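What is reported rests on the model, the rules as stated and the sources as named; no laboratory instrument gave them. Here Cβ is always computed from backbone atoms with ideal geometry, including for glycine, and neighbour counts include all displayed protein chains.
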Amino acid sequence: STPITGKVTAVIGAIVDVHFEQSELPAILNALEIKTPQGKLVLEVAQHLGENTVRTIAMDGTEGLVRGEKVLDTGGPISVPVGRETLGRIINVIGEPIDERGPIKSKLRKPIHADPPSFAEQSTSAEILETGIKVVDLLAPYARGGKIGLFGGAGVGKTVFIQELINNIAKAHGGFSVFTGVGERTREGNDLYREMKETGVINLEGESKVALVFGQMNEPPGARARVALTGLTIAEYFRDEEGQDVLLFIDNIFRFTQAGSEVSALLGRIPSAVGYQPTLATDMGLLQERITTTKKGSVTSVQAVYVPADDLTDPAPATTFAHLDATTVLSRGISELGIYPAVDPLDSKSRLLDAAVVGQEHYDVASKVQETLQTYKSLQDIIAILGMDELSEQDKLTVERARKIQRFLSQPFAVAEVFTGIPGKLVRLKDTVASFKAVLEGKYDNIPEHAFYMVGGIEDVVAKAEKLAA
Amino acid sequence: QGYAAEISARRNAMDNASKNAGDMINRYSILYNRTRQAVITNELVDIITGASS
Amino acid sequence: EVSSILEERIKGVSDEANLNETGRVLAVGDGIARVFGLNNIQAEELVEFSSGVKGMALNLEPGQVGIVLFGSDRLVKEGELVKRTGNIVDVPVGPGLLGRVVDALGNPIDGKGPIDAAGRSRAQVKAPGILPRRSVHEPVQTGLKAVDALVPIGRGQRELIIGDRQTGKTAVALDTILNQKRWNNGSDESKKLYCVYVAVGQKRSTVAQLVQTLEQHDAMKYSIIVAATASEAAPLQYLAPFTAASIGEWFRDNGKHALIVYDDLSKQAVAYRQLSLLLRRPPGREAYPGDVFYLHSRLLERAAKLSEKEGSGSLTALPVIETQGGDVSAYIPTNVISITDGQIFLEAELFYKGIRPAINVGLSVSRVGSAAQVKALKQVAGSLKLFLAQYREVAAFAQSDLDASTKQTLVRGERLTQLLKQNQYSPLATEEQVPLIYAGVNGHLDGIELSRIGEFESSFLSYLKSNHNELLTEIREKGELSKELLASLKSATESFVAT
């Protein structure tokens, strides 16, 4: 054995400090393993405290550690398995196959901490992903190589949205994907595992076109923090070394922020505003910066974000808010109105919604939608008390058009056939631009309002008009 | 006679409404101001408690 | 070629000499290495570790000198030589920095070879005093019609760009940079504003987009972009505006003009919080570092307008502050609002309502005001301020049986508001700002229906160019509107409106 043997000195909470013997001190961010009857606890060295005492964060349960129990050093940051043999595994924070397909047949391991690609490396891009979801396509399209971000509330139908997105985007995407789950419920986990086994994305006879890194919220406070990192490294291997495009997806990334709050507190750093870690900015930065479209390849993150108590002024959603390219804020109110997807049309902004980028026609149609809806929102107060009994002829037309546009957003989804039962609908990008254009022009202002509820394109609006006619 | 009385009443009524609303603005303004102060203090105490340890 | 350059480089490193002072890290945690040693260390001096990371020594504590690491934690490891660089934080400054994207240290991150610089100047030097400063007196035309008329911006006076989160705040700023191309290109050296944009805490992808956009509008050639990206370590982020100010000083001192746009000071604040709390310096209000008012005030007062004694330089500044949910009572916004000398308040609702730039006319103020504004533009847009004021007040009355007077206001007001929109990422010359605004002011465009206002605008410009580019040239060069010029203009507008 190595003369690198440490004896645990304090099993505190997750913080467990080890007291290595003379000159050999494992460097900050390396990974220590303590052989245990459980298996291997991996502890990440996180401070050096002087006098040959390192202070490490546990990544597995700390119960049963016996003070003074010998600690071996791996010698580098938690080293995952990476490969094309990582497709169709479910690997956990410490990178062990937790799906019991037997040993991951990896050729390489890589560190979980690797510096983001330099300023020189960055390369601008702007290509338009076709979500196939009406609200998304028209009013804030997503872009390939971007950092798409599914910001939304607590239980505002986040799961439904994510499920639809996986169905569309994943199948469409050419490259592999890594679906990485940071701290989401194991009920949700099993559903996702099952769902993509059914959809054949994970084909355990064939070769899966996706990998999984599920760390779930029953895992020790430390592990939740660096589980996100574990996932990043699988994506990096694909992006760089294997040169293919990727489509990393992480869920819910607020949980990454939240996780960081916990291990900050335990490490004993004086808590900052609204209890977030002092390292709040830089921790967001390390995750976000790493995932970007280099000249090597392209990785398009789609990150769910959970807005605690539906207040997006809270420091944790707000910190995340900056980094992501194409925000879509799913709001509770819009959900309550019955509009599914619940994306709030007046709050979704994409930075690649620019007139040149999306084309002049797309731009004009979408600009007109935004103004029409926004006016309606402004008028909402007047309508509430005074009534529509002093709203002008123009205003009455604006209310009517806006109400029609407002409910034109709802579209039944393919995974909402068990949540609804109206067959899912995916409209083309071109079709969405056209269909909304017609509505705005007032070409279908003769159609009754309920025929815009849960329909596809304009053709469907006409079809529902006939249905009502009967 | 009626139409004039009606519109005259509506003017009178909406005028009294504006006054009543003003009073509510002032009352809730004081509540707002206090509430704002309280949040700053309460938050501050939490930070202090942490540092003190 | 490249081989020759490498051969030059190996030759270009020489053997060293005995290096005074050393430390051994006592404990390194949290990016706050605390080193025991460094007997004589100047406060805030740059110290270089064995590993190769650089740090500065913010806390000189009674027995240990607390270096803050400018890179990843992993680099330094407990006990290891900590060399004393011996020069307090300084960054290369010079005329030569024009056109290079440089990081906080000053190293070229654009990869266009070594930064040629004419001095290295310290990054904490104190602001111009009472007698050095002479009051603002030279317009800076940002080229956005709304900024230039509604809220004039003059040389050497900081004015905030405080607005709601990701309402394309940066766009309003970037527009200013583009318009400076018009004056810049020429040969009048008492007209060139050499802008420096300081991107603090923005993702590397965003700053790459910035770089490309500037190159696209052929604007890198009077731009220096100090970029300390989100990835970069919290000390680098901390020193990023301070460093930037020093880059600006070369311009100010040498007597050019320049505008440094600190984007966004809201993130600067967050970085200072991270440093202070991690160094265990006492916490303070809203968990922001105790002296946070003092930090922001130091940065923003380096901007000034030098007296004619001191070479008549300037250093306009434009901090950008991100208002979290528009709560302008928040501690970091409130401090900055006090420090600054003006505000432009971009409102999210307006942005949504299609008014882009989304300057809320009511809640913006210019405190240096009429000192700026081209004399011509001042004359024909005093009215514009007053008209819009009425339109705001009479706005809510737009919900019946309305007086003719009220209706007149509404027609004029709606048309003006529509008129002041400016297509994103394109500036508009001052010589065409004065004509366009003239039309609205004189009420010629009151008759034109709202949908055609936009079409009219472009048409008016082409019409002005064809019919009387003599008129335009006179407006541009004379820069003051004489009654005879206003006469010609009235005629021109009449002719244009008729067609």
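Residue count for region C:46-76 under the criterion of being crowded, with 22+ Cβ neighbours inside 10 Å and among the charged types (D, E, K, R): the result is 1. Scanning region A:355-382 for residues that are within 30 Å of C:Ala208 (Cα to Cα), out of contact with any helix residue (DSSP H, G or I) (no Cβ under 6 Å at 6 or more places or on another chain) and more than 8 Å from chain C (Cβ to nearest Cβ) returns A:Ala356, A:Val357, A:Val358, A:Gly359, A:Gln360, A:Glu361, A:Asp364.
On the stretch given as region C:437-464, residues that are surrounded by 21 or more Cβ atoms within 10 Å (Cβ to Cβ) and in contact with a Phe, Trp or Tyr (Cβ under 7 Å, 6 or more places away or on another chain) total 3.
In the set A:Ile128, A:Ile148, A:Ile166, A:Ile202, only one residue is out of contact with any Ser or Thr (no Cβ under 7 Å at 6 or more places or on another chain), closer than 28 Å to A:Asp99 by Cβ and assigned by CATH to the domain that holds A:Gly83; that residue is A:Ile166.
When region C:407-429 is filtered for residues that are more than 17 Å from C:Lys353 (Cα to Cα), of a type in the set (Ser, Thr, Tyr) and within 14 Å of chain A (Cβ to nearest Cβ), the ones remaining, listed by number, are C:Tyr425, C:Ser426.
Name the helices (runs of 4 or more DSSP H) wholly inside region A:338-452 in which the number of residues that are not aliphatic (A, V, I, L, M) is 3 or more.
On the way: elements: A:355-358, A:360-385, A:393-408, A:429-441.
Fully inside region A:338-452 and qualifying: A:360-385, A:393-408, A:429-441.
Here region A:29-57 is the region considered, the condition is being small (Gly, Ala, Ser) and over 20 Å from A:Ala114 (Cα atoms), and the residue that is surrounded by the most Cβ atoms within 10 Å (Cβ to Cβ) is A:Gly50. If I ask for residues that are over 17 Å from C:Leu239 (Cα atoms) and more than 21 Å from the chain's Cα centre (by Cα), which ones from region C:111-129 would you list? Once the filter is applied, which keeps residues that are over 17 Å from C:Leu239 (Cα atoms) and more than 21 Å from the chain's Cα centre (by Cα), region C:111-129 yields C:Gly111, C:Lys112, C:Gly113, C:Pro114, C:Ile115, C:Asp116, C:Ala117, C:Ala118, C:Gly119, C:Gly129. Pick from region A:109-140 the residues that are among the acidic types (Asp, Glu), more than 9 Å from every other protein chain (Cβ to nearest Cβ) and surrounded by fewer than 20 Cβ atoms within 10 Å (Cβ to Cβ): which of them is nearest to A:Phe238 (Cα to Cα)? If we take residues in region A:109-140 being among the acidic types (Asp, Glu), more than 9 Å from every other protein chain (Cβ to nearest Cβ) and surrounded by fewer than 20 Cβ atoms within 10 Å (Cβ to Cβ), then A:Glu127 is nearest to A:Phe238 (Cα to Cα).
Results for (1) out of contact with any helix residue (DSSP H, G or I) (no Cβ under 7 Å at 6 or more places or on another chain); (2) part of a helix (DSSP H, G or I); (3) of a type in the set (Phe, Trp, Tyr), shown as yes or no for each residue.
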| residue | (1), (2), (3) |
| --- | --- |
| A:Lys295 | yes, no, no |
| A:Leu312 | no, no, no |
| A:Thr320 | no, yes, no |
| A:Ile334 | yes, yes, no |
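Within region A:270-285, is even one residue more than 11 Å from every other protein chain (Cβ to nearest Cβ), out of contact with any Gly (no Cβ under 7 Å at 6 or more places or on another chain) and surrounded by 22 or more Cβ atoms within 10 Å (Cβ to Cβ)? Spell out the reasoning first.
From region A:270-285, those more than 11 Å from every other protein chain (Cβ to nearest Cβ) are none; that's our starting set.
Among the residues of region A:270-285, not one is more than 11 Å from every other protein chain (Cβ to nearest Cβ), out of contact with any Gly (no Cβ under 7 Å at 6 or more places or on another chain) and surrounded by 22 or more Cβ atoms within 10 Å (Cβ to Cβ), which makes the answer no.
Of all residues in region C:154-164, none are in contact with a strand residue (DSSP E or B) (Cβ under 8 Å, 6 or more places away or on another chain), part of a loop (DSSP other than H, G, I, E, B) and surrounded by fewer than 21 Cβ atoms within 10 Å (Cβ to Cβ). For first residues located in region C:4-26 and within 14 Å of chain A (Cβ to nearest Cβ) and within 25 Å of C:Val47 (Cβ to Cβ), partners that are polar (S, T, N, Q) and in a loop (DSSP other than H, G, I, E, B) and lie 6+ apart or on another chain with Cβ distances below 8 Å form the pairs C:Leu26/C:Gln64.
Yes/no per residue for (1) outside the structural domain of A:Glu236 (by CATH); (2) more than 23 Å from the chain's Cα centre (by Cα); (3) under 19 Å from A:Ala10 (Cβ atoms):
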residue	(1), (2), (3)
A:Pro37	yes, yes, no
A:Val66	yes, yes, yes
A:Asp73	yes, yes, yes
A:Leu108	no, yes, no
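Taken together, the residues in region C:266-309 that are away from chain A (no Cβ under 14 Å) and within 24 Å of the chain's Cα centre (by Cα) amount to 16.
Restricting region A:384-398 to residues that are within 10 Å of another protein chain (Cβ to nearest Cβ) and crowded, with 16+ Cβ neighbours inside 10 Å leaves a set whose member that is farthest from C:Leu402 (Cα to Cα) is A:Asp395.
Exactly one residue among A:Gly64, A:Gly75 is assigned to a loop (DSSP other than H, G, I, E, B), closer than 30 Å to C:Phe36 by Cβ, more than 12 Å from chain C (Cβ to nearest Cβ) and of a type outside the set (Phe, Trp, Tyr), and that residue is A:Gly75. All told, C:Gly71 meets the bar of being under 23 Å from C:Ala271 (Cα atoms), in a loop (DSSP other than H, G, I, E, B) and in the same structural domain as C:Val35 (by CATH).
Provide a single number: the residues in region C:220-242 that are of a type in the set (A, V, I, L, M) and part of a loop (DSSP other than H, G, I, E, B). Working first, answer last.
Applying the first criterion (of a type in the set (A, V, I, L, M)) to region C:220-242 yields C:220, C:224-228, C:230, C:233-234, C:236, C:239-240.
Checking which are part of a loop (DSSP other than H, G, I, E, B) leaves us with C:220, C:224, C:230, C:233.
Count: 4.
Has region A:108-125 got any residue that is of a type in the set (A, V, I, L, M, F, W, C), assigned to a loop (DSSP other than H, G, I, E, B) and over 30 Å from A:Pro221 (Cα atoms)? Full working, then the answer.
Residues of region A:108-125 of a type in the set (A, V, I, L, M, F, W, C): A:108, A:112, A:114, A:119-120.
Then keep just the ones that are assigned to a loop (DSSP other than H, G, I, E, B); that gives A:112, A:114, A:119-120.
Within this subset, residues satisfying the condition of being over 30 Å from A:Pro221 (Cα atoms) are A:119-120.
Yes, region A:108-125 has at least one match.
Candidates are the residues of region C:250-274 that are touching a strand residue (DSSP E or B) at 6+ places or on another chain (Cβ under 6 Å) and assigned to a helix (DSSP H, G or I); the one that is farthest from C:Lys192 (Cα to Cα) is C:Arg273.
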